[PDB]
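Down below is the structure, laid out as structure tokens.
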Amino acid sequence: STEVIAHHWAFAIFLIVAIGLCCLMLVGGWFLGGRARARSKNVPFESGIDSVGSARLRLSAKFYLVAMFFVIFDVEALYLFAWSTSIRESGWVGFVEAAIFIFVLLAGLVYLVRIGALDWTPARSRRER
Amino acid sequence: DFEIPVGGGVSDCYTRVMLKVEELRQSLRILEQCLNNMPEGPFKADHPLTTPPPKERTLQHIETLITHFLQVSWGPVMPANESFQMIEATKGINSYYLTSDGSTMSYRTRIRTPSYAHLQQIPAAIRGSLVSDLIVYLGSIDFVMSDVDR
Amino acid sequence: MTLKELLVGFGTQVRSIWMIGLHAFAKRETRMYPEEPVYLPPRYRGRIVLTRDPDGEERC
Amino acid sequence: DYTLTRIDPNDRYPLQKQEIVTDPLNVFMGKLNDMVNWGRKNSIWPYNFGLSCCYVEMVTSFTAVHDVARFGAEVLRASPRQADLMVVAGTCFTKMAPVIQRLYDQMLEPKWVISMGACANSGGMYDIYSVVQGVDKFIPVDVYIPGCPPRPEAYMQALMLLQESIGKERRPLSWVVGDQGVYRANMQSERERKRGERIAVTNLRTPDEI
Amino acid sequence: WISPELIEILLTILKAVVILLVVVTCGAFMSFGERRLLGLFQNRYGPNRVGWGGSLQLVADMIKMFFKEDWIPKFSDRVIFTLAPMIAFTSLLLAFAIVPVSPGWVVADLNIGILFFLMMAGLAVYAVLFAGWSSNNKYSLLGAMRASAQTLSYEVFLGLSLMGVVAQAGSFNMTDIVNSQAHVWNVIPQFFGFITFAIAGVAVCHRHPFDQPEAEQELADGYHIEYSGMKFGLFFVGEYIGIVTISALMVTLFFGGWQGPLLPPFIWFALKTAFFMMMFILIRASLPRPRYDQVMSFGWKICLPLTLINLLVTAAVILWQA
Amino acid sequence: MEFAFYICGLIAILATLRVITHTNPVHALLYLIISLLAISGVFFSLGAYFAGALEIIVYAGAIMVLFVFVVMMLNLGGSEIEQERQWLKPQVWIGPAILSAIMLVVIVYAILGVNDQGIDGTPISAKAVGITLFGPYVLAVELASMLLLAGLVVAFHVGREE
Ligand SMILES: CCCCCCCCCCCCCCCCCCCC
Ligand SMILES: CCCCCCCCCCCCCCCCCCCC
Ligand code: SF4
């Protein structure tokens, strides 16, 4: 109808003026103000002294397992997103099935917590002693 | 009269912080005792080597003027001896070790500071920890680099 | 973690929020330099001057 | 009654040339430059750099009992790129002069330098082998503060002096059009200005009073 | 162009542009208000010298940021470095673009709503990730990794905290959510959802205590330390519209949005949004920063099962009264 | 809406083509996010609002952890880029290019032979998907939760440091 077309045009103009304001702001920031000519300008900031190597080294991380579990639990979350918008029309059978769903989720999370997963802290401190 | 805070046997950051809080409270107690009971006497010793001499006697006596004149120009002449004084500083134990060659300067001045020892201890107590633990440990040592390097 | 620890911690955070709000309801402790002059004790060690005798000549 | 500095890396620090020039100040460009200078002097972002005692007094000035935030100078960025003011508050040690030079080079113009304390002004009480006698041996300093340590309102007064210096200086509006040299006003010294009010002081309060 | 449909479309476009200009100006004014309110919370005044009450301090900051040298490092990837402030400025703005501020005053009356908010948060994470990686700095690298861990922690349960309100309204539309609270505000039935959404929404904008990427004390301002000029100002303004967006979103899904007993509806919306903005400044000032490993442990072990249990209880209550 | 579908399809095609033939992993991930946003635009054009919503919600979480693994493993400056550059040679990609081309031709010819009436673009809300998902399609949900549990267990077991 008319109101849907009006809201679509309003959303399009909202996005267009948002990107235009951001790009104009960047252009005004880039074009106004003088530049610099210094010896140590193009050095990454490491608190006043030079780097040992570079900033692009192979950094380790302990967040890998939590990242995969985050993706899995977000997929379970999207299932619950699909469930939650139609709870009333699903009836009690859908409530029982979603209860089984959330119980499997809880059992998986307790399994993750107890086996040592979701625990990547260094063994030195661990907030102990 | 003032109590001494002693921890339970381990040096956490929290333990050090609340020991310093209790030290602040003890210092408040000492200040209260000093304020309520204050003597009425001299603010300088009557020793001839007291530097500087009292100001009014400098201004209207000639022996005191001579003593002040020779004590601010060349300096007081301490005899050739060796002295040491160790005190409890705000950050630990601070000690002065002074060797005099009999001149008006110190032949040797040695200043022991606690932050030097704490900073040397730092690798043995933060190894294996996180950077956040290192930041909290740095915040809970009570060190200044003027004390460390002198 | 222990549920008692979680409840105690949550109470601690809302308590701290309450103290900071009560600080916001309190009196400002500023000294508006340079609108109001900074009070100094008479024996304060600031700028160095050379003075004069009561008779008008310089005392150095 | 101005001065011009032009910078170029390609021997001895500071790598700049300074001369004594005349103010060129345009029915709209002058007011535009005045507006830019007003905006620059009414918002200063000091660098969170500290060396010694004088930094402790600077952050004492930063607190709620003096409130330098009223001048728009509480932002205190820890990165040289985001900062707009280097306050050398402490001793310029020999081993840190390369570090201070690097941190000044990583900073971006519009940049200003405030020496705080006798160590930063001249080396101060430490006429020693391991201290550079004054931080102005290698970086240009805009505002100087005597003291050891300077009291917090002295740092605030130096901030206002820097604001007056910014408010009467000429800088390029854009880096593509116009001259890129920096014009700084040769203002009258505060010693000469305050000689009128300083010699006339007759009686002070005796030290035995509180 | 003389037709009632075309003038209605033009009026809707004008309302959307007015809303966008007001929220951007309010984000900058609330940066200034954060300075003043931190002064008030910390027993001072803050900037009260540039004009009356410091009201021209924002203009001076804007002038300095525009006339600051916009610096692109040679060791950085230029396209990603320029792209990250664009995402940071725009993603939370589009998240705000669904918030109904008044009856008849909304940009897009989407059928997704809070789904679009989740989409914009998942797109807003890439601004911080790209700023950390692109700038080619070690502190920025550590800040980006910490931001990724914090994003894991909050986005594992943000939508599930919102699903209680979604289930109570029975729809994804924003106006249906703000119309379902015509009797009782949603903060009282959804209270555990409320506190979990508070935690997750503070973690959206990376505000205190969840300022793990840009931690001033820990990593010396973090990921945007190579960022300068108006790009850093874009990061600031983007986070401030993020705060405005999260505050207005709590107003819509927990306090009836514009619904109020006596005052005009936009006035009630403005008061509740300003109260939550004050609560953001208070939550910055009040409590300290935890370690991000304990932050992720709290977001996983505590918040996620609590959201799941709250969703189950809300579903049981809804089906009980049907 | 027709133009939106066509331009999003073109953007998705170009972004995917840039993904499969790039040497920078982070740039390839950025073009991948662009392609998935274009796929979401295609989903939103056809009335499948929930499909585009979940394409932006959970795939942006998926590409997020891909980015974490890329910064954890691959980035070494240009050393990754030259190593990937020596791997890609002209004969190497013109080998399977004709295979993919003839596969696309066969699939397109099979597609063009079907009867069509045009997609009317009637929107499908998330309420209908919730009705069907927890109605006729229940054990799909339950055994898919078991599938995600299995994937989580395998990820734990293989991804461990020690
Ligand atoms: C502090 C308040 C922040 C609000 C952010 C969003 C504001 C968007 C612009 C709204 C403009 C229109 C206001 C309502 C107009 C119709 C009602 C008028 C009488 C109250
Ligand atoms: C060192 C090992 C490298 C293995 C590379 C394998 C590349 C395989 C490329 C196959 C290309 C086939 C092209 C079509 C051939 C004709 C149709 C199929 C056979 C009838
Ligand atoms: S001038 Fe005095 S207070 Fe300042 S750094 Fe030097 S010794 Fe310390």
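Chains as they are written, first to last, in PDB author numbering: chain A, 6 to 134; chain C, 451 to 600; chain I, 1 to 60; chain B, 2 to 11, 15 to 29, 36 to 220; chain H, 3 to 324; chain J, 1 to 162. C-beta atoms are modelled at their ideal positions from N, C-alpha and C, and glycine is treated no differently.
(request) Buried or exposed for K66 (chain H), please, with buried defined as at least 16 other CB atoms from any protein chain shown within 10 angstroms of its CB. (result) Locating residue 66 (chain H) in the fifth sequence gives position 64, counting from the first residue. When all chains shown are included, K66 (chain H) counts as buried.
(request) Mind checking which residues open and close the alpha helix (DSSP H) that includes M555 (chain C)? (result) If you number the second sequence from 1, residue 555 (chain C) lands on position 105. Taken as a continuous stretch (DSSP letters only), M555 (chain C) belongs to no alpha helix (DSSP H), as it is neither H nor E.
(request) Within the same chain, show all residues whose beta-carbon is closer than 7 Å to that of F278 (chain H), passing over the 5 residues directly before and after it, in chain order. (result) Locating residue 278 (chain H) in the fifth sequence gives position 276, where the first residue counts as 1. Contacts found: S249, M252, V253.
(request) Under 9 Å between beta-carbons, which chain B residues line up against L37 (chain A)? List them in chain order, please. (result) Numbered from its first residue, the first sequence carries residue 37 (chain A) at position 32. In chain order: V46, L183, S184, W185.
(message) Do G48 (chain H) and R80 (chain B) have their beta-carbon atoms positioned less than 8 Å apart in this structure?
(response) For the purposes of this step, residue 80 (chain B) is identified with residue 70 of the fourth sequence, where counting begins at 1. For the purposes of this step, residue 48 (chain H) is identified with residue 46 of the fifth sequence, where counting begins at 1. For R80 (chain B) and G48 (chain H), yes; Cβs fall inside 8 Å.
(message) Less than 7 Å between C-beta atoms, sequence neighbours within five positions excluded: which residues of the same chain meet that for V123 (chain B)?
(response) Sequence index remark: in the fourth sequence, residue 123 (chain B) carries index 113 (1-based). Excluding positions up to five away in sequence, the list reads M96, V98, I149, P150, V151, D152.
(message) Just to confirm the assignment, what range does the beta strand (DSSP E) spanning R194 (chain B) have?
(response) Residue mapping note: residue 194 (chain B) aligns to position 184 of the fourth sequence, counting from 1. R194 (chain B) -> beta strand (DSSP E) spans 192–195.
(message) Measuring only from the beta carbon, is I11 (chain J) closer than 7 Å to any heavy atom that is part of ligand 2?
(response) Within the sixth sequence, the letter at position 11 stands for residue 11 (chain J). No, Cβ of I11 (chain J) sits at least 7 Å from all heavy atoms of ligand 2.
(message) Can you pull the chain C neighbours of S62 (chain B), defined as C-beta to C-beta under 7 Å?
(response) Your numbering for residue 62 (chain B) matches position 52 in the fourth sequence. Neighbours of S62 (chain B) on chain C, chain order: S596.
(message) Taking the straight line between their C-alpha atoms, what separation do you get for residue 14 (chain B) and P162 (chain B)?
(response) Between 11 and 15, chain B has no modelled residues, which means residue 14 (chain B) does not appear in the coordinates.
(request) Work out the CA separation of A205 (chain H) and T153 (chain H) for me, nearest whole Å. (result) Here residue 153 (chain H) refers to the residue found at position 151 of the fifth sequence. Here residue 205 (chain H) refers to the residue found at position 203 of the fifth sequence. A straight-line Cα-Cα distance of about 7 Å links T153 (chain H) and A205 (chain H).
(request) Under 6 Å Cβ to Cβ from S545 (chain C), same chain only, skipping five residues before and after it: list those, please. (result) Counting from 1 along the second sequence, the entry for residue 545 (chain C) is found at position 95. Contacts found: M536, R562.
(message) Any heavy atom of ligand 1 closer than 7 Å to the beta-carbon of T254 (chain H)?
(response) Locating residue 254 (chain H) in the fifth sequence gives position 252, where the first residue counts as 1. Not so, every heavy atom of ligand 1 lies at least 7 Å from the Cβ.
(message) Nearer than 7 Å: is that true of the beta carbon of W187 (chain H) relative to any heavy atom of ligand 1?
(response) Residue numbering aside, residue 187 (chain H) sits at position 185 when the fifth sequence is read from its first letter. Here the distance from the Cβ of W187 (chain H) to the nearest heavy atom of ligand 1 is not below 7 Å.
(request) Can you tell me which of the three DSSP states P162 (chain B) falls into? (result) As a working mapping, residue 162 (chain B) is identified with position 152 in the fourth sequence. If DSSP states are grouped into helix, strand and coil, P162 (chain B) belongs with the helices.
(request) With a 10 Å radius around its C-beta and 16 neighbouring C-beta atoms as the bar for buried, classify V180 (chain H) as buried or exposed. (result) Residue numbering aside, residue 180 (chain H) sits at position 178 when the fifth sequence is read from its first letter. The C-beta of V180 (chain H) has 16 or more other C-beta atoms within 10 Å across all chains shown, which makes the residue buried.
(message) Can you list, in chain order, the residues of its chain with a C-beta nearer than 6 Å to that of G177 (chain B)? Leave out the 5 residues immediately preceding and following it.
(response) Counted from its first residue, the fourth sequence places residue 177 (chain B) at position 167. Only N47, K51 meet the Cβ criterion.
(request) Give the range of the alpha helix (DSSP H) segment to which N544 (chain C) is assigned. (result) Within the second sequence, the letter at position 94 stands for residue 544 (chain C). No alpha helix (DSSP H) contains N544 (chain C), which is instead part of the beta strand (DSSP E) from 543–549.
(request) Anything in chain B within Cβ reach of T30 (chain I), meaning under 9 Å, just list it in chain order. (result) As a working mapping, residue 30 (chain I) is identified with position 30 in the third sequence. Residues of chain B passing the Cβ test: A74, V75, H76, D77, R80.
(message) Using only Cβ atoms and a threshold of 6 Å, which residues come within that distance of a heavy atom of ligand 1? Order them by chain position.
(response) With the criterion CB distance below 6 Å from any heavy atom of ligand 1, the matching residues run H:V20, H:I21, H:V24, H:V25, H:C28, H:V103, H:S104, H:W107, H:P266, H:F268, H:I269, H:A272, H:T275, H:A276 along the chain.
(request) Determine which residues share a DSSP beta bridge with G38 (chain A) and list them. (result) Taking the first residue of the first sequence as position 1, residue 38 (chain A) is located at position 33. B:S184, per the DSSP bridge assignment.
(request) Could you name each continuous alpha helix (DSSP H) segment of 4 residues or more that falls completely within the region 111–199 of chain H, going from the start of the chain to the end? (result) As far as the region 111–199 of chain H is concerned, its whole alpha helix (DSSP H) runs of at least 4 residues are 116–136, 140–157, 160–171, 176–182.
(message) Assuming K21 (chain B) is part of the beta strand (DSSP E), what are its boundary residues?
(response) For the purposes of this step, residue 21 (chain B) is taken as the residue at position 17 of the fourth sequence. Note, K21 (chain B): beta strand (DSSP E), 20–25.
(request) Identify which residue in B:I220, B:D218, B:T212 has its Cα closest to the Cα of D55 (chain I). (result) Within the third sequence, residue 55 (chain I) is the residue found at index 55, counting from 1. The alpha carbon of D55 (chain I) has as its nearest neighbour, out of B:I220, B:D218, B:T212, the alpha carbon of B:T212.
(request) Compare the Cα-Cα distances from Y557 (chain C) to each of C:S565, C:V471, C:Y566, C:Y547 and report the closest residue. (result) Taking the first residue of the second sequence as 1, we reach residue 557 (chain C) at position 107. With distances taken between Cα atoms, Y557 (chain C) lies closest to C:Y547.
(request) May I have the straight-line CA-CA distance separating residue 135 (chain A) from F75 (chain A), to the nearest angstrom? (result) Summary: the structure shown does not reach residue 135 (chain A), with chain A confined to residues 6 through 134, and so no result is reported for it.
(request) Look at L29 (chain J) and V80 (chain A) and say whether their C-beta atoms are less than 8 Å apart. (result) Locating residue 29 (chain J) in the sixth sequence gives position 29, counting from the first residue. Locating residue 80 (chain A) in the first sequence gives position 75, counting from the first residue. Taking 8 Å as the cut-off, the beta carbon of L29 (chain J) is found no closer than this to the beta carbon of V80 (chain A).
(request) With 8 Å as the threshold, decide whether the Cβ of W88 (chain A) is near any Cβ in chain J. (result) Taking the first sequence and counting its residues from 1, one reaches residue 88 (chain A) at position 83. Put simply, the CB of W88 (chain A) is near chain J, with a gap under 8 Å to one of its CB atoms.
(request) Decide if the region 175–193 of chain H is in contact with the region 228–244 of chain H; the criterion is three or more beta carbon pairs, one per stretch, under 8 Å apart. (result) No, the region 175–193 of chain H is not in contact with the region 228–244 of chain H.
(request) Determine the direct distance from the alpha carbon of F59 (chain B) to that of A107 (chain B), and round the result to whole angstroms. (result) The residue labelled residue 107 (chain B) in the question sits at position 97 within the fourth sequence. The residue labelled residue 59 (chain B) in the question sits at position 49 within the fourth sequence. For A107 (chain B) and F59 (chain B), the distance between alpha carbons rounds to 13 Å.
(message) Quick check on this structure: which residue in J:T21, J:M103, J:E161 has the alpha carbon closest to the alpha carbon of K89 (chain J)?
(response) The residue given as residue 89 (chain J) occupies position 89 in the sixth sequence. Across the set J:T21, J:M103, J:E161, the C-alpha of J:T21 shows the shortest separation from the C-alpha of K89 (chain J).
(request) Could you tell me if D189 (chain B) is buried or exposed, where buried requires 16 or more neighbouring beta carbons within 10 angstroms of its beta carbon? (result) Numbered from 1 along the fourth sequence, position 179 holds the residue referred to as residue 189 (chain B). Exposed: under 16 other Cβ atoms inside 10 Å.
(request) Report the rounded CA-to-CA distance for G11 (chain I) versus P217 (chain B), giving the unit in angstroms. (result) Position 11 of the third sequence, counting from 1, holds the residue named residue 11 (chain I). Position 207 of the fourth sequence, counting from 1, holds the residue named residue 217 (chain B). Those two C-alpha atoms are separated by around 52 Å.
(request) Decide if the region 314–321 of chain H is in contact with the region 83–96 of chain A; the criterion is three or more beta carbon pairs, one per stretch, under 8 Å apart. (result) Between the region 314–321 of chain H and the region 83–96 of chain A there are three or more inter-stretch CB-CB distances shorter than 8 Å, so the stretches are counted as touching.
(message) Would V141 (chain J) and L133 (chain J) be called neighbours here (beta carbons separated by less than 8 Å)?
(response) Within the sixth sequence, numbered from 1, the residue matching residue 141 (chain J) stands at position 141. Within the sixth sequence, numbered from 1, the residue matching residue 133 (chain J) stands at position 133. In terms of Cβ geometry, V141 (chain J) and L133 (chain J) form a close pair [threshold 8 Å].
(request) State the Cα-Cα distance for the pair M64 (chain J) and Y128 (chain H), rounded to the nearest angstrom. (result) Indexing the sixth sequence from 1 puts residue 64 (chain J) at position 64. Indexing the fifth sequence from 1 puts residue 128 (chain H) at position 126. C-alpha separation (whole angstroms): 8 Å.
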